[PDB]
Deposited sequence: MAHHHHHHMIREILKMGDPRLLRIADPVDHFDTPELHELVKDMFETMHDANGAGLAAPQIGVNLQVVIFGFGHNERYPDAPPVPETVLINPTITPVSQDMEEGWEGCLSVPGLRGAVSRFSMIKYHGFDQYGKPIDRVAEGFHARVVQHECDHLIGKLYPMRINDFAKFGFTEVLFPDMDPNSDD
């Protein structure tokens, strides 16, 4: 379990490099380390830059249910311009929550750690999670996406139950 970087660390602001070689022991190790870190923190997702690794690798999936997924070198294409506001938190921004507008429906493409292609359509929370994780790959944390800072604050204050 690697330490999760916190907002303020310049490494969270970088644009991640694509993975060049699949099905390698080092990539398998990266994925294993990420799942260990994510599960330990009870996260719904994790991006490699969050543990200081500048590669386009994200994982996500939790039992609404989101499929357990390793997504590498991703691209996201919105199906429509419809957007929806939802509450987000981030392991790199502990103690806070913010309302973030995301696309309601997306197609996304990428590869697993064996280099097998992934092509999916997602909506709602699933789509939100993928957008949130992929944002980390271009050096974005959700406060960069917040438009209404009345809807940003400490979890304990926003949700006292």
(message) Missing C-alpha coordinates: which residue stretches of the deposited sequence does that apply to?
(response) 1-9, 73-80, 179-185
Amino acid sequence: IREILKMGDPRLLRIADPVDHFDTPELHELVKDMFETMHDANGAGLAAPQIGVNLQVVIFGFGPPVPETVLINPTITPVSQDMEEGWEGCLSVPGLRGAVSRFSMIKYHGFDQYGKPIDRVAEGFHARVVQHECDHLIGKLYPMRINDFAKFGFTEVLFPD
From here on, numbers count along this sequence of modelled residues.
(message) So, looking at the entry's B-factor column for Cα atoms, which has the higher mean, 148-156 or 134-142?
(response) 148-156
(request) Higher average CA B factor in the deposited record is what I'm after, so tell me if that's 7-15 or 20-28. (result) 20-28
(request) In terms of CA temperature factor as recorded, identify the highest of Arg97, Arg128, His109, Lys116. (result) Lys116
(request) Select lowest, middle or highest to describe the third in which the CA B-factor of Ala44 falls within its chain in this entry. (result) highest
(message) Ranking the modelled residues of this chain by C-alpha B-factor as given in the entry, is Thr75 in the lowest, middle or highest third?
(response) middle
(message) Considering every modelled residue of the chain and its Cα B-factor in the PDB entry, is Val93 in the lowest, middle or highest third?
(response) lowest
(request) Sort the modelled residues of this chain by their C-alpha B factor and say whether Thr37 lands in the lowest, middle or highest third. (result) highest
